[PDB]
Amino acid sequence: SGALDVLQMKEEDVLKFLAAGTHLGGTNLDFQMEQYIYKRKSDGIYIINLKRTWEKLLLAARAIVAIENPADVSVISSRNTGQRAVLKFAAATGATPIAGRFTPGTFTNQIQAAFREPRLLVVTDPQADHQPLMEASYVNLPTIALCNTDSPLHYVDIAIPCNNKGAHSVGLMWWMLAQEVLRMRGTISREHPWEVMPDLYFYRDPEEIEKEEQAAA
Amino acid sequence: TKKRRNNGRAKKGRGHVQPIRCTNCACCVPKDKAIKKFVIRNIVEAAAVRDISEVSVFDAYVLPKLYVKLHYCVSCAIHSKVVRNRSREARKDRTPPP
Amino acid sequence: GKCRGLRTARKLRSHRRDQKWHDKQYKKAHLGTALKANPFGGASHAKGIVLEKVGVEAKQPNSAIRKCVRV
Amino acid sequence: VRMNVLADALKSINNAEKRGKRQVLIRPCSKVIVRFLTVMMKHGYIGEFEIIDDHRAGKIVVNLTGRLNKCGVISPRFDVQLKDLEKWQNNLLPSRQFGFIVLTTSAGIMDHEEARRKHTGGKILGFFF
Amino acid sequence: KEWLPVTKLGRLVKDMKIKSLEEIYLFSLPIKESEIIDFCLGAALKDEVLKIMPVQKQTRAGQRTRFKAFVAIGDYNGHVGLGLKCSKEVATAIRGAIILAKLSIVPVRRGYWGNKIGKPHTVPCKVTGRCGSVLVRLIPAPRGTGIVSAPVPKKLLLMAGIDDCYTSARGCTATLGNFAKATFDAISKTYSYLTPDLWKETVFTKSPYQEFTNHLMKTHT
Amino acid sequence: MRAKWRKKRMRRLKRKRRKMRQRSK
Amino acid sequence: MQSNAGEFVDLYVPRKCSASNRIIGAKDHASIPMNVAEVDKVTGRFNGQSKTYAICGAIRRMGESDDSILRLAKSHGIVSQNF
Amino acid sequence: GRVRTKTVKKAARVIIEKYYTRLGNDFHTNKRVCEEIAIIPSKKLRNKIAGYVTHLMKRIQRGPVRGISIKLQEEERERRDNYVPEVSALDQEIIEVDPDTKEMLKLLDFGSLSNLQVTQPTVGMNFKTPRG
RNA sequence: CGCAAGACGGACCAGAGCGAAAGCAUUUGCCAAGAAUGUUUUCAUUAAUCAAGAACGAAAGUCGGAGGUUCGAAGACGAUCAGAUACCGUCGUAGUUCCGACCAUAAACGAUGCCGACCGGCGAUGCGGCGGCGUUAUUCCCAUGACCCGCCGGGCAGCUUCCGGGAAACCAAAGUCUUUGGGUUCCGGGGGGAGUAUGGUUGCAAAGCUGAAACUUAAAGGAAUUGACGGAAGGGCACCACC
C-alpha cells in the first residue's frame, strides 16, 4: 500500500468510494478511530480519509492473502446489509461465509455442528458482530473489521474505516477487498477494470427486489 | 448492603433539603426523596363531557383541567401502587415508563 | 505504618505502646487484675481441702452430671 | 503537597509501562530523577529519554521498552551500610540474578552492584527490575 | 479406546507434525483435546486427588449433594495442571477433574539461587498468585532447601518439579480450592515474568496451523 | 430490646444511682 | 536461562508482543499472531514471504492492537509514510 | 390443542432435507413416501409427520424456510443473486459532494475531477435531538 | 365582605447552586464575606497535616423575657381490642416561633480524614474564560443578551470499560499493595459484660468528654448463592376455582 505506485489509489476507485458514501462517518467518534478522520461537517457528520481507508483495505487484503488455505478465513456479517456482500466475497476468494445469525460457541465449543476453526476473521461491524469478536479472543483469531467512525475497536486488529451503515458502502467495501485479495493472489491483472461489477455485492431492500419482479417486461 | 447509589433520594452536593408532607399519609419526607407526580386531569372524565357540553350555555367552550402536584411517602406510594419493586438490573432504569 | 518520617521513631513506638493495651493477651498479662483475681495467684498447681463433693449439670446439648469437688 | 519528586516520577513511569505507553511525560524534574533514569538506562530497562528545559524545573519524556516490570522509591531515604545491603536486595528485589537497588553514595547515585566494588554505602533512593 | 481427533491442533499432534507441547505453548494455543497432553507427557503424568468436597444446593425437598474433586496433575519435569470437576458422585468428579487437570497443564520456568550451574532447582524469581482471599508468594531458595510450604502447595510445587522454594501464604488458606488455585496461578506466571534473559527480541517462527496447512486439508475438514 | 431503649433504660438506671449516692452527701 | 557451561536450559523461549514487549503466556488465548504478506514492487503479487506480527491479549482487549499493527506496518514500509 | 411435537417436526425437517425431490403438495402421496423412506413405527405419527411435511412444502413453494437445507440453495439465492443491472449506481455522471471532502481530495492526488459538483455548504449547525 | 395575630414561603424547585460542616428559597436595599475563571500583577517557600488551645455546630432538652396561628410529648376523653396506658379520632399543657444565656449531641452518612501525583472512554449539566457558520431582540449599525457548534479550567453529578482492585456487593476510586515505603492526623484488634462501675472534668439541670475489671462465651458478624416463607409486586392455570 505504501511508498508504492502499483498498489496506489486510482481514479475510478475514488469515484466508487464518493458514490457509495464510504467518506460519510457517523455523528459520533470512537476515541480509537480519531486517526482515520479528516474533519467534521456542518450537520456534525465526520468525514473519513479515503487514503487511510485504502491503506487499511490493502493491509487487510495483504493479511487475507498471507493465509495459505483460503477455506479457513471466516467472512462474518449478522446485520442485513453485509449478508449478501460476504456471501459473494467467499465465492470470489474461496473463504467461508457466516451470513446472519452467529451461534455462540462456533469457535469455542468443539462438539457444536457449526464448529469452524478459522485462521482470520473479517467483520462487517464490530458492534453488531460483537459475539464472533469475543469468541476470536478464546481461540487465537486475528480480526479484520469494517469500522464506522463510532465502531468500538475492542478485539479489532485492522480497522478499515468506512460507512458500514449504508448498503452501497458495504457492498463496495467488500468488492474492493475481494478484488484486491485476488489481484494480490494473482487471479486478476491490475490493468483490466475487473469483470465483476460492485452492484453484485449491494444489499437489495425487498421493495427493490419486488421492483425487479415487475419491471422485466 | 448499599441498595441504591443515590441513597433513595436525589441530593448529591447539599447536606440538607426542606421536607414535604406525603398527601395520602402526612409523613415528613425530604423533597428530593419523595415520589413527586404531576396530574393534569379533566374536571369530568368521559360520562359527563357528553352531558355538560350539551348544557353548555356557550358554543365551542373548552373545559378546564385540574392541576395538582402530588407528593408521596415511599410507603404512601408503593401501597397506592404508584411505584413497583424492580429487579436489580431494572432498578437502574431511570426513564419514566411508557 | 501511617507515618514513614525518618525522624518519627517516638510516634511509631509510642503509638504501638498505646495500641498494645487494646490486645486481650497483653492487657491480661500486663495488669495485676488478671494475676490477682486468678484463684491460684499465678501458680501452675495448688493444694486445697475438699469441703463438699458437687454434681455439675453438663451443658445444653450432651447432658451428664460432671462430678467436681468444692475446694 | 508534592514532597518526594522522585516518587511522582517513578510511580508515573511505572503506571505508564503497566498501561503499555511507548513514552511518558514526568512533569516536575530534578537532578536526582535524571541520575536515577541514567542508571535504569545503562542496564537497558528504559530507553534513551529527553529533558525539556522550561525556565522552571524541567519536564522529562522517557521512551519505554517492556523490560521495566516495576521501578519504585523507598521513602524515607534510609541509610545503608555495606552490611545491610544484602538484607535490602534480599527483601526488595525479585531475585539475586537481576533487579537493582539505586542508592545515593558519596561516589554518586548508582546501583547496589557498583556500591559493592567501589565499597561505599549510602542512602537507598529506590529499586527497579 | 482409539482417539479420533476433533480439533485442528489435535489432528496435527496425532499426525506427528508438531512433537512437543513446548511448540503448542509458544503460539499460546488452546488445548481442548484430552489425549494431546496424555500423548506427550503420558508415561510420567501422576495424579493426586487433593480433596473431595461435598457441596449442597438446598431444594424444596432437602439438600442436593454434589462432590467437587480437586486434582493436581504433573510430570516431575516442569509441567503442572490443576483441575476442579463438580459432579453427582466422586468417581465421575475425580475422572472429570483428571481430564481438566490435563487440559489445564502449564509449563513452569525454573531458575537458580545465585550460582547458575547444573540444572535449575528453584523458581527463577519471586512470583505471587491470587485466588479469592488467598495470596501465595513464591521466593527462590538454595539447593537442598526443599519446598517450605503447607501440604497443598507442596503437592503442586513438587509435581511442578521445583526441587527448592520458600513460600508465604496470606488469607483463608483453609479453602483448599483457592489455596491450590493461587499456588497454581503463582507457578503459571513463571513464563509470564519478563526477566533480562528474555530481552533479545523473538525470531517469530511459523504456527503449526501455517507450517502444516497442506496436511490438514486432506487428513480432516 | 432496641439499642436506643437499652440506652434509655441504662440512662434512667444511672439517674437512680445519683439518688442513692445523693443521701451520703 | 544459560548455565555456567553456557547451555540454554529453559524448556521453551517465549514469544513476546511486537508492540509492548510483554511475554505472551502459554494460556493467553486473546493473543493475535498475524502474517502480513509482502509484494513485488512493480508486479503487485504475493512473493511467498511475510512480515509476521504478534500482540499479547492484554493490548488487544484495550483495543489499541489496531494502532499497534498500523505502527508496525508503517515502520516496516508495508504502509505509506504519508498515510 | 393441535401443536405438533419435536419428534414430528425434526422428522419432517430431515425427511424434506434428504428427500425434497420425491415430495409435493399432496398429503396422501407424501404419507405413502414417508412409509418407503423411513421406519415410522406408528400410523398416527406417520400422518402427523406427512401432515407437517405438506405444511412445510407449501412454505418452501413460497420464500425460504429457516431450519432447512436443500440441494440447490435454491435458484433465487444461487442463480438470481447473480442479478446485475445495465450500469451500476456507483456510475453517477454528477456526484453530489460537500466542500470539506473536496478539501481532503485537494490534499490527495485528486485535486480536480470533472464529475464532482460541489454544493453550497449547509448553513446553521442544527442536527442534535432536543433533551427530555 | 372585611378585620386581627402568628406561623410558613407552594407550584417555579432540578441527582441544579452555594456553604467548613450544621445549613440556606417572597421583594427590595445596605453590610462586610467567598469560591471559580482571567492575568506577560506582586511577595518568593511563605507550605501539607496536626497533641495543646479554639470557632461554628440539626432537633430535642434547660434558665429569664416577649408572643402564642397551626401542630402537638404529658394528660383528659372517644373508638379498636381479650387487654390497648398504642396505632385511628376530638380536645390538649410543655413545646413548636422570636430575643438573651446554656447544652455540644444525630444513621451530624458518601456509614468513605486531609494534601499531592499518575492511570480509560463517553455525552450531559453549573460557573468563568476563549473561539466559530447561522437565527432572534435593544433595530440604526455596533456591542451586548437568548439559542446554536467547539475548546480550556474549576465544581455537583451520570453512563460505559477485563485499567486495576476487592470476600463479594461494588469502586475512575475503595485502583496505581507480597512487584508491599509520596506526606500526615485520628482510630480498630472475636462476641458479650459496656460506653457499664469508678475517679476526674464541663454543665443550673438533663447529661457530655475521658473510661476499666471481674466475669461470661464458640462463635457474633460481612457479602453473595440456593431453597422455604411473606399480612410484597406482576404473570399463568384449573367446574377437586369462579362466572
# chains A, B, ... in the order shown; residues from 1 in each chain; ligands from 1
$ residues_around --residues "region 123-136 of chain E" --least-positions-apart "6" --cutoff "8 Å" --atoms "only C-alpha atoms (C1' of nucleotides)" --output "number ranges by chain"
D: 94-95; E: 109-113, 162, 164-165, 167-173, 178-179, 181-187, 189-190, 193; I: 167, 178
$ write_last_selection --atoms "C-alpha atoms (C1' of nucleotides)" --output "PDB file, in the first residue's frame"
ATOM      1  CA  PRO D  94      12.589 -10.230  42.921  1.00  0.00           C
ATOM      2  CA  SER D  95      15.859 -12.287  42.622  1.00  0.00           C
TER       3      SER D  95
ATOM      4  CA  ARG E 109      10.005 -21.764  34.252  1.00  0.00           C
ATOM      5  CA  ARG E 110      12.521 -22.724  36.972  1.00  0.00           C
ATOM      6  CA  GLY E 111      15.821 -20.853  37.686  1.00  0.00           C
ATOM      7  CA  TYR E 112      18.724 -20.583  40.195  1.00  0.00           C
ATOM      8  CA  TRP E 113      19.503 -19.065  43.618  1.00  0.00           C
ATOM      9  CA  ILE E 162      10.510 -27.361  41.563  1.00  0.00           C
ATOM     10  CA  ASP E 164      13.656 -25.934  46.211  1.00  0.00           C
ATOM     11  CA  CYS E 165      11.415 -22.932  47.180  1.00  0.00           C
ATOM     12  CA  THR E 167       6.565 -19.947  50.113  1.00  0.00           C
ATOM     13  CA  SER E 168       4.391 -17.414  52.009  1.00  0.00           C
ATOM     14  CA  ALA E 169       0.537 -17.513  52.209  1.00  0.00           C
ATOM     15  CA  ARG E 170      -1.987 -14.855  53.415  1.00  0.00           C
ATOM     16  CA  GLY E 171      -5.834 -15.097  53.640  1.00  0.00           C
ATOM     17  CA  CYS E 172      -8.122 -18.135  54.238  1.00  0.00           C
ATOM     18  CA  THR E 173      -5.676 -20.895  53.056  1.00  0.00           C
ATOM     19  CA  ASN E 178      -8.489 -21.076  46.377  1.00  0.00           C
ATOM     20  CA  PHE E 179      -5.154 -22.119  48.077  1.00  0.00           C
ATOM     21  CA  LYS E 181      -5.605 -22.240  42.576  1.00  0.00           C
ATOM     22  CA  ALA E 182      -3.436 -19.390  43.989  1.00  0.00           C
ATOM     23  CA  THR E 183      -0.191 -21.521  44.144  1.00  0.00           C
ATOM     24  CA  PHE E 184      -1.027 -22.860  40.613  1.00  0.00           C
ATOM     25  CA  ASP E 185      -1.610 -19.224  39.419  1.00  0.00           C
ATOM     26  CA  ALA E 186       1.763 -18.228  41.065  1.00  0.00           C
ATOM     27  CA  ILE E 187       3.587 -21.147  39.249  1.00  0.00           C
ATOM     28  CA  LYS E 189       3.289 -16.680  35.995  1.00  0.00           C
ATOM     29  CA  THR E 190       6.953 -18.001  35.858  1.00  0.00           C
ATOM     30  CA  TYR E 193       7.560 -12.790  34.229  1.00  0.00           C
TER      31      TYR E 193
ATOM     32  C1'   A I 167     -14.719 -11.504  50.478  1.00  0.00           C
ATOM     33  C1'   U I 178       3.860  -9.612  48.710  1.00  0.00           C
TER      34        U I 178
END
$ residues_around --residues "region 197-211 of chain A" --least-positions-apart "3" --cutoff "12 Å" --atoms "only C-alpha atoms (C1' of nucleotides)" --output "number ranges by chain"
A: 12-13, 16-17, 19-20, 77, 79-92, 164-179, 193-194, 214-217; H: 63, 76, 80-91
$ residues_around --residues "residue 4 (chain G)" --least-positions-apart "6" --cutoff "8 Å" --atoms "only C-alpha atoms (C1' of nucleotides)" --output "VMD selection string"
chain E and resid 115 to 118
$ closest_atom_pairs --of "chain I" --to "chain A" --cutoff "10 Å" --atoms "only C-alpha atoms (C1' of nucleotides)" --output "Markdown table"
| residue | atom | partner | partner_atom | distance |
| --- | --- | --- | --- | --- |
| I:121 | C1' | A:31 | CA | 7.1 |
| I:122 | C1' | A:30 | CA | 8.9 |
| I:123 | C1' | A:28 | CA | 9.9 |
| I:133 | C1' | A:42 | CA | 8.1 |
| I:149 | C1' | A:44 | CA | 8.6 |
$ residues_around --residues "residue 83 (chain D)" --least-positions-apart "5" --cutoff "12 Å" --atoms "only C-alpha atoms (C1' of nucleotides)" --output "MDAnalysis selection string"
chainID D and resid 88:89 115:116 119:122
